[PDB]
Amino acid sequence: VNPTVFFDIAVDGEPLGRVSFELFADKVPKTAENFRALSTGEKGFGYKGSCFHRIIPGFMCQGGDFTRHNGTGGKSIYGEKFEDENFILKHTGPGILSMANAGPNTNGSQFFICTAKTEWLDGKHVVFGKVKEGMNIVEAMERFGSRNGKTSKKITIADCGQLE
């Protein structure tokens, strides 16, 4: 009833496992359709084959930059950027899926998964989903990042698509 999508994660090519995310289209529909369409790839472009470029252990895993692969690109299904839809949902704990951005109303395609409650980001980043299964795979990816976010291994979304 809320869509579910999955990413299959690979570390330098070696399969790691699958993470599935429930997307709260009931509360943040524009934001959640944007992540759903990029996971299926149905508009022509999307997340398949891209990497997690910034992983800061004990905080969050960030990816979604499918154009420049380092945090300087990405785009939404609506344009380069779109507005912050609302701030109903908050960063209550691990598994929260929230949009990364560069300031007010600059959402594109980059997202991050919280591995901690990060209440200081409330009202600054739009929360739109959470880990349904595979939290242990997010924990395992977290072991490859560092204090400044550089990764030891290339963490890529080998495959991704919808499940519900």
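The term rigid core refers to the most C-alpha atoms you can superpose between the two forms while keeping them within 1.5 Å. Numbering starts at 1 and runs along the sequence shown.
Trainee: Which stretch is more displaced from the shown form in 6 other deposited structures of this protein, 74-82 or 87-95, with RMS over structures and residues of Cα positions after a rigid core fit?
Mentor: Output: 74-82, the stretch lying farther off on average in 6 other deposited structures of this protein.
Trainee: Comparing 42-50 with 55-63, which stretch shows the greater average C-alpha B-factor in the deposited entry?
Mentor: Comparing averages over the C-alpha atoms only gives 42-50.
Trainee: Mean C-alpha B-factor higher for 16-24, or for 145-153?
Mentor: In the deposited entry, the stretch with the higher C-alpha B-factor mean is 145-153.
Trainee: Can you tell me which third, lowest, middle or highest, the CA B-factor of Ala102 falls into for its chain?
Mentor: CA B-factor rank for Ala102: highest third.
Trainee: Split into thirds by Cα B-factor across the chain's modelled residues, where does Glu119 land: lowest, middle or highest?
Mentor: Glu119: CA B-factor falls in the middle third of its chain.
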